[PDB]
Every structure is written in C-alpha cells, then in structure tokens.
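Shown next: model.txt, containing compact mmCIF, N, CA and C atoms.
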# COMPACT_ATOMS: atom_id res chain seq x y z
N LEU A 948 60.86 180.56 77.55
CA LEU A 948 62.16 180.21 78.12
C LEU A 948 63.23 180.11 77.05
N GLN A 949 62.86 179.65 75.85
CA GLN A 949 63.84 179.48 74.78
C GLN A 949 64.28 180.83 74.21
N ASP A 950 63.40 181.83 74.27
CA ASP A 950 63.74 183.14 73.71
C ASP A 950 64.92 183.77 74.43
N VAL A 951 64.98 183.63 75.76
CA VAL A 951 66.08 184.21 76.52
C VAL A 951 67.40 183.57 76.12
N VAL A 952 67.41 182.24 76.01
CA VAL A 952 68.62 181.53 75.62
C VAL A 952 69.05 181.94 74.22
N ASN A 953 68.10 182.00 73.29
CA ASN A 953 68.44 182.38 71.92
C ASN A 953 68.99 183.79 71.85
N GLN A 954 68.37 184.73 72.57
CA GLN A 954 68.84 186.12 72.54
C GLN A 954 70.24 186.24 73.13
N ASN A 955 70.49 185.58 74.26
CA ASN A 955 71.82 185.65 74.86
C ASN A 955 72.87 185.02 73.95
N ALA A 956 72.56 183.87 73.35
CA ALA A 956 73.50 183.23 72.45
C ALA A 956 73.78 184.10 71.23
N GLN A 957 72.75 184.73 70.67
CA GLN A 957 72.95 185.57 69.50
C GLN A 957 73.79 186.80 69.83
N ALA A 958 73.53 187.42 70.98
CA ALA A 958 74.34 188.57 71.39
C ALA A 958 75.80 188.18 71.60
N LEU A 959 76.03 187.04 72.26
CA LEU A 959 77.40 186.60 72.47
C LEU A 959 78.09 186.27 71.14
N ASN A 960 77.35 185.66 70.21
CA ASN A 960 77.93 185.32 68.91
C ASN A 960 78.30 186.57 68.12
N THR A 961 77.44 187.59 68.12
CA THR A 961 77.79 188.80 67.39
C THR A 961 78.94 189.54 68.06
N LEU A 962 79.02 189.47 69.39
CA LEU A 962 80.17 190.03 70.08
C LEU A 962 81.45 189.33 69.66
N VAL A 963 81.41 188.00 69.53
CA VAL A 963 82.59 187.26 69.07
C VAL A 963 82.93 187.64 67.64
N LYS A 964 81.93 187.70 66.76
CA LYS A 964 82.15 187.95 65.34
C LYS A 964 82.61 189.38 65.05
N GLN A 965 82.38 190.32 65.96
CA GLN A 965 82.90 191.67 65.79
C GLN A 965 84.41 191.75 65.94
N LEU A 966 85.07 190.65 66.32
CA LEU A 966 86.52 190.60 66.39
C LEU A 966 87.17 190.32 65.05
N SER A 967 86.38 190.08 64.01
CA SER A 967 86.89 189.75 62.69
C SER A 967 86.76 190.90 61.70
N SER A 968 86.51 192.11 62.17
CA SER A 968 86.29 193.27 61.32
C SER A 968 87.51 194.18 61.36
N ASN A 969 87.89 194.71 60.19
CA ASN A 969 89.08 195.55 60.11
C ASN A 969 88.89 196.86 60.86
N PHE A 970 87.69 197.43 60.81
CA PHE A 970 87.40 198.75 61.37
C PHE A 970 88.28 199.83 60.74
N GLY A 971 88.62 199.66 59.47
CA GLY A 971 89.44 200.62 58.76
C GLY A 971 90.93 200.39 58.85
N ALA A 972 91.37 199.38 59.59
CA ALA A 972 92.79 199.08 59.71
C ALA A 972 93.26 198.28 58.50
N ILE A 973 94.51 197.84 58.54
CA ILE A 973 95.04 197.02 57.45
C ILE A 973 94.72 195.54 57.64
N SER A 974 94.40 195.12 58.86
CA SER A 974 94.04 193.74 59.14
C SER A 974 93.25 193.69 60.44
N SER A 975 92.57 192.57 60.65
CA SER A 975 91.85 192.33 61.89
C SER A 975 92.67 191.53 62.89
N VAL A 976 93.85 191.07 62.51
CA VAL A 976 94.73 190.32 63.40
C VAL A 976 95.77 191.29 63.94
N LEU A 977 95.78 191.48 65.26
CA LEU A 977 96.68 192.46 65.86
C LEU A 977 98.13 191.99 65.81
N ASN A 978 98.36 190.69 66.02
CA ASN A 978 99.71 190.15 65.91
C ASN A 978 100.26 190.31 64.50
N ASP A 979 99.40 190.14 63.49
CA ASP A 979 99.83 190.34 62.11
C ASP A 979 100.24 191.79 61.87
N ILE A 980 99.48 192.74 62.42
CA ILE A 980 99.85 194.15 62.29
C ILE A 980 101.19 194.41 62.96
N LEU A 981 101.40 193.84 64.15
CA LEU A 981 102.66 194.04 64.85
C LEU A 981 103.84 193.47 64.07
N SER A 982 103.67 192.27 63.51
CA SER A 982 104.79 191.60 62.85
C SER A 982 105.14 192.25 61.52
N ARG A 983 104.15 192.79 60.82
CA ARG A 983 104.35 193.35 59.50
C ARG A 983 104.78 194.81 59.50
N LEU A 984 104.63 195.52 60.62
CA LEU A 984 104.76 196.97 60.62
C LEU A 984 105.59 197.43 61.80
N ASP A 985 106.30 198.54 61.61
CA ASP A 985 107.14 199.13 62.64
C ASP A 985 106.29 199.82 63.70
N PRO A 986 106.82 199.96 64.92
CA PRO A 986 106.02 200.49 66.04
C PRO A 986 105.43 201.87 65.77
N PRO A 987 106.15 202.80 65.13
CA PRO A 987 105.54 204.13 64.92
C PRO A 987 104.28 204.09 64.07
N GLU A 988 104.21 203.19 63.09
CA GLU A 988 103.04 203.16 62.21
C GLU A 988 101.98 202.19 62.72
N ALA A 989 102.38 201.23 63.56
CA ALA A 989 101.42 200.24 64.04
C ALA A 989 100.37 200.86 64.95
N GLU A 990 100.72 201.94 65.65
CA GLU A 990 99.78 202.56 66.57
C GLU A 990 98.57 203.12 65.85
N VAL A 991 98.75 203.57 64.60
CA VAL A 991 97.63 204.13 63.85
C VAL A 991 96.56 203.07 63.61
N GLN A 992 96.97 201.86 63.23
CA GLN A 992 96.01 200.78 63.03
C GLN A 992 95.46 200.28 64.36
N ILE A 993 96.32 200.20 65.38
CA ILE A 993 95.89 199.69 66.67
C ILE A 993 94.82 200.59 67.28
N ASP A 994 94.94 201.90 67.08
CA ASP A 994 93.94 202.82 67.63
C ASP A 994 92.57 202.59 67.00
N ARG A 995 92.53 202.36 65.68
CA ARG A 995 91.26 202.06 65.03
C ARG A 995 90.68 200.76 65.56
N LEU A 996 91.52 199.74 65.75
CA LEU A 996 91.04 198.48 66.31
C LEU A 996 90.48 198.69 67.71
N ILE A 997 91.17 199.48 68.53
CA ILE A 997 90.71 199.77 69.89
C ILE A 997 89.35 200.45 69.85
N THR V 500 125.70 213.04 28.52
CA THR V 500 125.80 214.45 28.86
C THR V 500 124.57 214.97 29.59
N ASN V 501 123.46 214.22 29.56
CA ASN V 501 122.25 214.66 30.25
C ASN V 501 122.46 214.64 31.75
N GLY V 502 121.72 215.51 32.45
CA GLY V 502 121.82 215.56 33.89
C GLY V 502 121.15 214.39 34.57
N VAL V 503 121.32 214.32 35.89
CA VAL V 503 120.81 213.22 36.69
C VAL V 503 119.29 213.13 36.57
N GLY V 504 118.65 214.27 36.31
CA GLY V 504 117.21 214.25 36.11
C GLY V 504 116.80 213.40 34.92
N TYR V 505 117.54 213.52 33.82
CA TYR V 505 117.28 212.73 32.63
C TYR V 505 118.23 211.54 32.50
N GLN V 506 119.13 211.35 33.47
CA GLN V 506 119.89 210.11 33.41
C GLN V 506 118.97 208.92 33.71
N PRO V 507 119.07 207.85 32.93
CA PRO V 507 118.17 206.71 33.14
C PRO V 507 118.39 206.05 34.49
N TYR V 508 117.30 205.64 35.12
CA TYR V 508 117.33 204.87 36.36
C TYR V 508 116.66 203.53 36.13
N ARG V 509 117.18 202.51 36.80
CA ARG V 509 116.70 201.14 36.66
C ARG V 509 115.92 200.77 37.91
N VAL V 510 114.65 200.39 37.73
CA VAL V 510 113.71 200.24 38.83
C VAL V 510 113.15 198.82 38.82
N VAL V 511 113.11 198.20 39.99
CA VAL V 511 112.47 196.90 40.20
C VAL V 511 111.52 197.03 41.38
N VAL V 512 110.26 196.63 41.18
CA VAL V 512 109.24 196.76 42.22
C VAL V 512 108.73 195.39 42.62
N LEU V 513 108.49 195.19 43.91
CA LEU V 513 108.01 193.92 44.41
C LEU V 513 106.59 194.07 44.94
N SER V 514 105.72 193.12 44.58
CA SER V 514 104.34 193.08 45.07
C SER V 514 104.16 191.80 45.88
N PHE V 515 103.68 191.95 47.11
CA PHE V 515 103.65 190.87 48.08
C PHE V 515 102.23 190.63 48.56
N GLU V 516 101.71 189.44 48.27
CA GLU V 516 100.42 189.01 48.80
C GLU V 516 100.65 188.24 50.09
N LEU V 517 100.03 188.70 51.17
CA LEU V 517 100.23 188.12 52.49
C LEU V 517 98.95 187.51 53.07
N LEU V 518 98.15 186.84 52.24
CA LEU V 518 96.98 186.16 52.74
C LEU V 518 97.26 184.66 52.86
N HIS V 519 96.82 184.06 53.98
CA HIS V 519 97.48 182.84 54.53
C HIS V 519 97.18 181.61 53.68
N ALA V 520 97.78 181.60 52.49
CA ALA V 520 97.67 180.48 51.57
C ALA V 520 98.82 179.51 51.82
N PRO V 521 98.92 178.43 51.06
CA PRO V 521 100.09 177.56 51.18
C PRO V 521 101.37 178.29 50.78
N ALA V 522 101.86 179.13 51.69
CA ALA V 522 103.00 179.99 51.39
C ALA V 522 104.22 179.16 50.99
N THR V 523 104.92 179.63 49.97
CA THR V 523 106.06 178.90 49.43
C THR V 523 107.39 179.64 49.54
N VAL V 524 107.39 180.97 49.67
CA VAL V 524 108.62 181.73 49.83
C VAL V 524 108.66 182.32 51.24
N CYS V 525 109.60 181.84 52.04
CA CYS V 525 109.74 182.25 53.43
C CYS V 525 111.11 182.89 53.63
N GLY V 526 111.28 183.54 54.77
CA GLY V 526 112.56 184.09 55.15
C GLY V 526 113.49 183.03 55.72
N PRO V 527 114.77 183.37 55.87
CA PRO V 527 115.72 182.40 56.43
C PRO V 527 115.52 182.18 57.92
N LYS V 528 114.98 181.02 58.30
CA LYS V 528 114.73 180.70 59.69
C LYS V 528 115.04 179.23 59.94
N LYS V 529 115.31 178.90 61.20
CA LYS V 529 115.63 177.54 61.60
C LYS V 529 114.40 176.88 62.20
N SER V 530 114.01 175.73 61.64
CA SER V 530 112.83 175.01 62.10
C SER V 530 113.24 174.10 63.26
N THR V 531 112.84 174.47 64.47
CA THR V 531 113.14 173.68 65.65
C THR V 531 112.16 172.52 65.77
N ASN V 532 112.31 171.73 66.83
CA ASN V 532 111.41 170.62 67.09
C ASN V 532 110.19 171.09 67.87
N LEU V 533 109.08 170.41 67.65
CA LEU V 533 107.81 170.77 68.26
C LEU V 533 107.65 170.08 69.61
N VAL V 534 106.79 170.66 70.44
CA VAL V 534 106.46 170.12 71.75
C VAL V 534 104.94 170.04 71.87
N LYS V 535 104.48 169.18 72.77
CA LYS V 535 103.06 168.91 72.93
C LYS V 535 102.66 169.04 74.39
N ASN V 536 101.37 169.29 74.61
CA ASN V 536 100.78 169.35 75.95
C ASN V 536 101.40 170.45 76.80
N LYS V 537 101.87 171.52 76.17
CA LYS V 537 102.39 172.68 76.87
C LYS V 537 101.98 173.94 76.13
N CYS V 538 101.55 174.96 76.88
CA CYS V 538 101.16 176.23 76.27
C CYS V 538 102.41 176.94 75.76
N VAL V 539 102.57 176.97 74.43
CA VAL V 539 103.73 177.56 73.79
C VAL V 539 103.25 178.55 72.73
N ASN V 540 104.16 179.43 72.33
CA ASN V 540 103.92 180.35 71.22
C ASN V 540 104.61 179.81 69.98
N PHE V 541 103.84 179.63 68.91
CA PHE V 541 104.29 178.89 67.74
C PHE V 541 104.30 179.78 66.51
N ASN V 542 104.93 179.28 65.45
CA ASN V 542 104.99 180.00 64.17
C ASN V 542 105.07 178.94 63.07
N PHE V 543 103.92 178.62 62.48
CA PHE V 543 103.83 177.65 61.40
C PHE V 543 103.66 178.40 60.08
N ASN V 544 104.77 178.65 59.39
CA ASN V 544 104.77 179.31 58.09
C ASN V 544 104.04 180.65 58.15
N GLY V 545 104.30 181.42 59.21
CA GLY V 545 103.69 182.72 59.38
C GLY V 545 102.39 182.72 60.16
N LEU V 546 101.84 181.56 60.50
CA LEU V 546 100.61 181.48 61.29
C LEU V 546 100.96 181.55 62.78
N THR V 547 101.39 182.73 63.20
CA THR V 547 101.82 182.93 64.58
C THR V 547 100.63 182.82 65.53
N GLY V 548 100.93 182.40 66.75
CA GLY V 548 99.90 182.26 67.76
C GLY V 548 100.44 181.58 69.00
N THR V 549 99.61 181.57 70.03
CA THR V 549 99.96 180.98 71.32
C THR V 549 98.89 179.97 71.71
N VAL J 350 109.83 200.82 29.14
CA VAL J 350 108.80 201.32 30.06
C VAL J 350 107.45 200.71 29.73
N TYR J 351 107.08 200.66 28.45
CA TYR J 351 105.76 200.20 28.07
C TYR J 351 105.56 198.72 28.41
N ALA J 352 106.65 197.96 28.49
CA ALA J 352 106.60 196.56 28.85
C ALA J 352 107.29 196.34 30.19
N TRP J 353 107.14 195.14 30.75
CA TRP J 353 107.90 194.74 31.93
C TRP J 353 107.82 193.23 32.12
N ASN J 354 108.97 192.60 32.35
CA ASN J 354 109.05 191.15 32.50
C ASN J 354 108.74 190.77 33.94
N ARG J 355 107.47 190.46 34.21
CA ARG J 355 107.08 190.01 35.53
C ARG J 355 107.63 188.61 35.79
N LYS J 356 108.28 188.45 36.94
CA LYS J 356 108.97 187.22 37.28
C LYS J 356 108.35 186.63 38.53
N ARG J 357 108.24 185.30 38.55
CA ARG J 357 107.62 184.56 39.64
C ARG J 357 108.71 184.04 40.57
N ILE J 358 108.81 184.64 41.76
CA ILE J 358 109.72 184.16 42.79
C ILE J 358 108.91 183.33 43.78
N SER J 359 108.99 182.01 43.67
CA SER J 359 108.23 181.11 44.52
C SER J 359 109.04 179.86 44.84
N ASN J 360 108.68 179.22 45.95
CA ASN J 360 109.27 177.95 46.38
C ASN J 360 110.78 178.07 46.58
N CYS J 361 111.19 179.04 47.39
CA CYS J 361 112.60 179.18 47.74
C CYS J 361 112.72 180.01 49.01
N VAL J 362 113.93 180.01 49.57
CA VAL J 362 114.20 180.71 50.84
C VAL J 362 114.80 182.06 50.47
N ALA J 363 113.93 183.06 50.35
CA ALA J 363 114.40 184.41 50.07
C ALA J 363 115.07 185.00 51.30
N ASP J 364 116.26 185.55 51.12
CA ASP J 364 116.99 186.10 52.26
C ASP J 364 116.48 187.49 52.61
N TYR J 365 116.40 188.39 51.63
CA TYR J 365 115.83 189.73 51.73
C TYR J 365 116.66 190.68 52.58
N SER J 366 117.72 190.20 53.23
CA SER J 366 118.55 191.05 54.06
C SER J 366 119.80 191.54 53.35
N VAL J 367 120.29 190.81 52.35
CA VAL J 367 121.41 191.28 51.55
C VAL J 367 121.03 192.58 50.84
N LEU J 368 119.80 192.65 50.35
CA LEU J 368 119.27 193.90 49.84
C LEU J 368 118.96 194.84 51.00
N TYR J 369 118.86 196.13 50.69
CA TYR J 369 118.54 197.18 51.66
C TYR J 369 119.71 197.42 52.61
N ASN J 370 120.74 196.58 52.52
CA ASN J 370 121.95 196.78 53.30
C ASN J 370 123.08 197.38 52.47
N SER J 371 123.07 197.16 51.16
CA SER J 371 124.04 197.80 50.28
C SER J 371 123.55 199.18 49.86
N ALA J 372 124.50 200.05 49.53
CA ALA J 372 124.21 201.41 49.11
C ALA J 372 124.02 201.54 47.61
N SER J 373 124.03 200.43 46.87
CA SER J 373 123.88 200.50 45.42
C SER J 373 122.51 201.04 45.04
N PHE J 374 121.46 200.61 45.74
CA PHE J 374 120.10 201.06 45.44
C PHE J 374 119.92 202.50 45.93
N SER J 375 119.37 203.35 45.07
CA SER J 375 119.16 204.75 45.44
C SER J 375 118.03 204.89 46.45
N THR J 376 116.92 204.18 46.23
CA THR J 376 115.75 204.28 47.10
C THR J 376 115.26 202.89 47.48
N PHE J 377 114.87 202.73 48.74
CA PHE J 377 114.25 201.50 49.24
C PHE J 377 113.01 201.89 50.04
N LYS J 378 111.88 202.01 49.35
CA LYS J 378 110.64 202.48 49.96
C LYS J 378 109.62 201.35 49.95
N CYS J 379 109.11 201.01 51.13
CA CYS J 379 108.13 199.95 51.30
C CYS J 379 106.89 200.51 51.99
N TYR J 380 105.72 199.99 51.61
CA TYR J 380 104.45 200.56 52.03
C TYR J 380 103.66 199.63 52.94
N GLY J 381 103.39 198.40 52.49
CA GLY J 381 102.59 197.49 53.29
C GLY J 381 103.36 196.92 54.47
N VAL J 382 104.68 196.90 54.38
CA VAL J 382 105.53 196.30 55.40
C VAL J 382 106.66 197.26 55.74
N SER J 383 107.23 197.06 56.92
CA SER J 383 108.38 197.86 57.34
C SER J 383 109.67 197.20 56.87
N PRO J 384 110.52 197.91 56.14
CA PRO J 384 111.78 197.31 55.66
C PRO J 384 112.79 197.20 56.78
N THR J 385 113.00 195.97 57.27
CA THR J 385 113.77 195.48 58.42
C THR J 385 113.08 194.24 58.96
N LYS J 386 111.79 194.09 58.66
CA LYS J 386 111.01 192.93 59.06
C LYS J 386 110.64 192.05 57.88
N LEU J 387 111.41 192.10 56.79
CA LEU J 387 111.12 191.30 55.61
C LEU J 387 111.72 189.90 55.75
N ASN J 388 112.16 189.56 56.94
CA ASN J 388 112.79 188.27 57.18
C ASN J 388 111.89 187.31 57.94
N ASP J 389 111.18 187.79 58.97
CA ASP J 389 110.31 186.91 59.75
C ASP J 389 109.09 186.48 58.94
N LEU J 390 108.55 187.38 58.12
CA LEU J 390 107.35 187.08 57.36
C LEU J 390 107.64 186.04 56.28
N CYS J 391 106.64 185.20 56.01
CA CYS J 391 106.66 184.30 54.86
C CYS J 391 105.60 184.78 53.88
N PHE J 392 106.00 184.98 52.62
CA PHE J 392 105.16 185.67 51.65
C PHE J 392 104.57 184.69 50.65
N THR J 393 103.58 185.18 49.90
CA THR J 393 102.93 184.42 48.84
C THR J 393 102.85 185.29 47.59
N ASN J 394 103.03 184.67 46.42
CA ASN J 394 102.79 185.32 45.14
C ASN J 394 103.64 186.58 44.96
N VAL J 395 104.96 186.42 44.93
CA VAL J 395 105.88 187.53 44.75
C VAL J 395 105.84 187.95 43.29
N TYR J 396 105.63 189.24 43.05
CA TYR J 396 105.67 189.81 41.71
C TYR J 396 106.86 190.76 41.61
N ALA J 397 107.64 190.62 40.55
CA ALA J 397 108.81 191.46 40.32
C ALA J 397 108.73 192.05 38.92
N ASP J 398 108.64 193.37 38.83
CA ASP J 398 108.53 194.08 37.57
C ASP J 398 109.79 194.92 37.38
N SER J 399 110.46 194.75 36.24
CA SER J 399 111.69 195.45 35.94
C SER J 399 111.51 196.36 34.73
Could you show the structure in this file as structure tokens?
Amino acid sequence: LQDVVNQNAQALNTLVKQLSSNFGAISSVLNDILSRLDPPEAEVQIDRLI
Amino acid sequence: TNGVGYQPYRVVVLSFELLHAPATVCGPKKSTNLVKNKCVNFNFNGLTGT
Amino acid sequence: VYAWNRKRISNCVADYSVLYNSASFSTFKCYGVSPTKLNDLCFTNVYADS
C-alpha cells in the first residue's frame, strides 16, 4: 500500500520540479522573460519553455 | 585628418547581473502602500508575482 | 584600450531613461535586455568599463 503512495508522490514532485528548468531559454521564470525582453524576442524563449 | 574609420570613438559598456540578490540599484518608481488579505499583484524590488 | 577603469554603480536610483533618448551616442545596443525596459527592472552588480 505504501508503494503506490510513494510512487504517486514522487511522480507529482518531479512534475513540479520540471518547472524550474530553463530548457535552453534565458530563464525558467516566464514573467522575468516578459519583463526583461521585448515581445518579438520573448516568443523565442517562450516557445522553448512551452 | 584621419577618416571616421580611424577617428577615435569613446565606448562605455554596462554589465548587468539580474539574479535576485539584495538588489541596490533600481529604476525610478514610486513605492505605494501595501495591502493585506487580498489577492494582488506585487513587485518587491523586482520580485514580481501575484 | 589595454586598461579600463571599472566603476561600481550601486545603492542609488538609476534613471536610465535620460540615456538612449539623446542622439549624442552613436550606438545603443543591448543583448540581455530590451532597451526601453531598463526602468522597471532593478539590477545588481553594475559594471561600467570605459
């Protein structure tokens, strides 16, 4: 019974932690990319994040 | 007498670290009063969020 | 050229808008940030090389 709970918690945790990866962009924070960069260039980073 | 190619140019370059440390140089902005117990969008020294 | 006086701009309210608005500067090229949004951001560790 504990294995199911542990597996689900671990999968959910890694899903959460995958939000902290750049994926080749300039940052992992989308608001930071928007605030620091103009709309024409922001799409390039946003596409990698997507 | 030298042309613009060899005319001296004066260059100043700025290097900006934007990692969320105790930031000390900010842009000109007005610090309003804070509110509590309401979902608001905030900006604490560049730490934007909702 | 071989030397450069690096200057520490810290602990002050940089305006950043008086620059890039005058035509005295021949080139205003920025890479990490879009020049027009240098006002909302608050920066850390400004390096100036002349």
Just need the residues of chain J within 7 Å of chain A, counting all atoms listed in the file, so spit them out as a list in words.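 Only these qualify: residues 381, 382, 383, 384, 386 and 390 of chain J.
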Select from chain V every residue with an atom at most 9 Å from any atom of chain J, then for each give the shortest pair of atoms and their distance in Å to one decimal, using only C-alpha atoms, rows by chain and rising number, as a tab-separated table.
residue	atom	partner	partner_atom	distance
V:509	CA	J:399	CA	7.6
V:510	CA	J:399	CA	5.9
V:511	CA	J:399	CA	4.6
V:512	CA	J:398	CA	5.4
V:513	CA	J:397	CA	4.8
V:514	CA	J:396	CA	4.9
V:515	CA	J:395	CA	5.2
V:516	CA	J:393	CA	5.2
V:517	CA	J:392	CA	5.6
V:518	CA	J:393	CA	7.3
V:519	CA	J:393	CA	8.0
V:520	CA	J:393	CA	7.1
V:521	CA	J:393	CA	7.8
V:522	CA	J:393	CA	5.1
V:523	CA	J:360	CA	4.5
V:524	CA	J:360	CA	5.2
V:525	CA	J:391	CA	4.0
V:526	CA	J:388	CA	4.7
V:527	CA	J:364	CA	5.7
V:528	CA	J:389	CA	7.6
V:544	CA	J:391	CA	6.2
V:545	CA	J:391	CA	5.6
Residues from the last selection, N, CA and C atoms, saved as a PDB file, in the coordinates of the input:
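Written file, result.pdb:
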ATOM      1  N   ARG V 509     117.180 202.510  36.800  1.00  0.00           N
ATOM      2  CA  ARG V 509     116.700 201.140  36.660  1.00  0.00           C
ATOM      3  C   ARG V 509     115.920 200.770  37.910  1.00  0.00           C
ATOM      4  N   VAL V 510     114.650 200.390  37.730  1.00  0.00           N
ATOM      5  CA  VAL V 510     113.710 200.240  38.830  1.00  0.00           C
ATOM      6  C   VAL V 510     113.150 198.820  38.820  1.00  0.00           C
ATOM      7  N   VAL V 511     113.110 198.200  39.990  1.00  0.00           N
ATOM      8  CA  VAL V 511     112.470 196.900  40.200  1.00  0.00           C
ATOM      9  C   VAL V 511     111.520 197.030  41.380  1.00  0.00           C
ATOM     10  N   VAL V 512     110.260 196.630  41.180  1.00  0.00           N
ATOM     11  CA  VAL V 512     109.240 196.760  42.220  1.00  0.00           C
ATOM     12  C   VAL V 512     108.730 195.390  42.620  1.00  0.00           C
ATOM     13  N   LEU V 513     108.490 195.190  43.910  1.00  0.00           N
ATOM     14  CA  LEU V 513     108.010 193.920  44.410  1.00  0.00           C
ATOM     15  C   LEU V 513     106.590 194.070  44.940  1.00  0.00           C
ATOM     16  N   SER V 514     105.720 193.120  44.580  1.00  0.00           N
ATOM     17  CA  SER V 514     104.340 193.080  45.070  1.00  0.00           C
ATOM     18  C   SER V 514     104.160 191.800  45.880  1.00  0.00           C
ATOM     19  N   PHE V 515     103.680 191.950  47.110  1.00  0.00           N
ATOM     20  CA  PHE V 515     103.650 190.870  48.080  1.00  0.00           C
ATOM     21  C   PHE V 515     102.230 190.630  48.560  1.00  0.00           C
ATOM     22  N   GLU V 516     101.710 189.440  48.270  1.00  0.00           N
ATOM     23  CA  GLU V 516     100.420 189.010  48.800  1.00  0.00           C
ATOM     24  C   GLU V 516     100.650 188.240  50.090  1.00  0.00           C
ATOM     25  N   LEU V 517     100.030 188.700  51.170  1.00  0.00           N
ATOM     26  CA  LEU V 517     100.230 188.120  52.490  1.00  0.00           C
ATOM     27  C   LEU V 517      98.950 187.510  53.070  1.00  0.00           C
ATOM     28  N   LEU V 518      98.150 186.840  52.240  1.00  0.00           N
ATOM     29  CA  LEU V 518      96.980 186.160  52.740  1.00  0.00           C
ATOM     30  C   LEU V 518      97.260 184.660  52.860  1.00  0.00           C
ATOM     31  N   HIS V 519      96.820 184.060  53.980  1.00  0.00           N
ATOM     32  CA  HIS V 519      97.480 182.840  54.530  1.00  0.00           C
ATOM     33  C   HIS V 519      97.180 181.610  53.680  1.00  0.00           C
ATOM     34  N   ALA V 520      97.780 181.600  52.490  1.00  0.00           N
ATOM     35  CA  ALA V 520      97.670 180.480  51.570  1.00  0.00           C
ATOM     36  C   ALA V 520      98.820 179.510  51.820  1.00  0.00           C
ATOM     37  N   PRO V 521      98.920 178.430  51.060  1.00  0.00           N
ATOM     38  CA  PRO V 521     100.090 177.560  51.180  1.00  0.00           C
ATOM     39  C   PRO V 521     101.370 178.290  50.780  1.00  0.00           C
ATOM     40  N   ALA V 522     101.860 179.130  51.690  1.00  0.00           N
ATOM     41  CA  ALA V 522     103.000 179.990  51.390  1.00  0.00           C
ATOM     42  C   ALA V 522     104.220 179.160  50.990  1.00  0.00           C
ATOM     43  N   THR V 523     104.920 179.630  49.970  1.00  0.00           N
ATOM     44  CA  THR V 523     106.060 178.900  49.430  1.00  0.00           C
ATOM     45  C   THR V 523     107.390 179.640  49.540  1.00  0.00           C
ATOM     46  N   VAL V 524     107.390 180.970  49.670  1.00  0.00           N
ATOM     47  CA  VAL V 524     108.620 181.730  49.830  1.00  0.00           C
ATOM     48  C   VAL V 524     108.660 182.320  51.240  1.00  0.00           C
ATOM     49  N   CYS V 525     109.600 181.840  52.040  1.00  0.00           N
ATOM     50  CA  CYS V 525     109.740 182.250  53.430  1.00  0.00           C
ATOM     51  C   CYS V 525     111.110 182.890  53.630  1.00  0.00           C
ATOM     52  N   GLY V 526     111.280 183.540  54.770  1.00  0.00           N
ATOM     53  CA  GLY V 526     112.560 184.090  55.150  1.00  0.00           C
ATOM     54  C   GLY V 526     113.490 183.030  55.720  1.00  0.00           C
ATOM     55  N   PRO V 527     114.770 183.370  55.870  1.00  0.00           N
ATOM     56  CA  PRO V 527     115.720 182.400  56.430  1.00  0.00           C
ATOM     57  C   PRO V 527     115.520 182.180  57.920  1.00  0.00           C
ATOM     58  N   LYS V 528     114.980 181.020  58.300  1.00  0.00           N
ATOM     59  CA  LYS V 528     114.730 180.700  59.690  1.00  0.00           C
ATOM     60  C   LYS V 528     115.040 179.230  59.940  1.00  0.00           C
ATOM     61  N   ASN V 544     104.770 178.650  59.390  1.00  0.00           N
ATOM     62  CA  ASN V 544     104.770 179.310  58.090  1.00  0.00           C
ATOM     63  C   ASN V 544     104.040 180.650  58.150  1.00  0.00           C
ATOM     64  N   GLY V 545     104.300 181.420  59.210  1.00  0.00           N
ATOM     65  CA  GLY V 545     103.690 182.720  59.380  1.00  0.00           C
ATOM     66  C   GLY V 545     102.390 182.720  60.160  1.00  0.00           C
TER      67      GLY V 545
END
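Closest approach to chain A among V:530, V:505, V:547, V:500 is made by V:547 (distances from all atoms listed in the file).
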Considering only C-alpha atoms, can you say which of V:503, V:534, V:539, V:546 comes closest to chain A?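 When distances to chain A are compared using only C-alpha atoms, the smallest one comes from V:546.
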Could you pull out the residues in chain V that DSSP calls strand (DSSP E or B) from the backbone, as a count of residues only? 13
With the input short on atoms, add N, CA, C and O atoms back to region 391-399 of chain J and write it as a JSON list (two decimals), in the frame of the given file.
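What follows is the written file part_9.json:
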[["chain", "number", "residue", "atom", "x", "y", "z"],
["J", 391, "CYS", "N", 106.64, 185.20, 56.01],
["J", 391, "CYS", "CA", 106.66, 184.30, 54.86],
["J", 391, "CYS", "C", 105.60, 184.78, 53.88],
["J", 391, "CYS", "O", 104.44, 184.95, 54.25],
["J", 392, "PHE", "N", 106.00, 184.98, 52.62],
["J", 392, "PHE", "CA", 105.16, 185.67, 51.65],
["J", 392, "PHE", "C", 104.57, 184.69, 50.65],
["J", 392, "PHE", "O", 104.98, 183.53, 50.56],
["J", 393, "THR", "N", 103.58, 185.18, 49.90],
["J", 393, "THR", "CA", 102.93, 184.42, 48.84],
["J", 393, "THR", "C", 102.85, 185.29, 47.59],
["J", 393, "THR", "O", 102.65, 186.50, 47.69],
["J", 394, "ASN", "N", 103.03, 184.67, 46.42],
["J", 394, "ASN", "CA", 102.79, 185.32, 45.14],
["J", 394, "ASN", "C", 103.64, 186.58, 44.96],
["J", 394, "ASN", "O", 103.10, 187.68, 44.84],
["J", 395, "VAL", "N", 104.96, 186.42, 44.93],
["J", 395, "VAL", "CA", 105.88, 187.53, 44.75],
["J", 395, "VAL", "C", 105.84, 187.95, 43.29],
["J", 395, "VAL", "O", 106.01, 187.11, 42.39],
["J", 396, "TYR", "N", 105.63, 189.24, 43.05],
["J", 396, "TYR", "CA", 105.67, 189.81, 41.71],
["J", 396, "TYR", "C", 106.86, 190.76, 41.61],
["J", 396, "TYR", "O", 107.05, 191.61, 42.49],
["J", 397, "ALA", "N", 107.64, 190.62, 40.55],
["J", 397, "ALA", "CA", 108.81, 191.46, 40.32],
["J", 397, "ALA", "C", 108.73, 192.05, 38.92],
["J", 397, "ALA", "O", 108.75, 191.30, 37.93],
["J", 398, "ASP", "N", 108.64, 193.37, 38.83],
["J", 398, "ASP", "CA", 108.53, 194.08, 37.57],
["J", 398, "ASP", "C", 109.79, 194.92, 37.38],
["J", 398, "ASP", "O", 110.14, 195.72, 38.25],
["J", 399, "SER", "N", 110.46, 194.75, 36.24],
["J", 399, "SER", "CA", 111.69, 195.45, 35.94],
["J", 399, "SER", "C", 111.51, 196.36, 34.73],
["J", 399, "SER", "O", 110.95, 195.95, 33.71]]
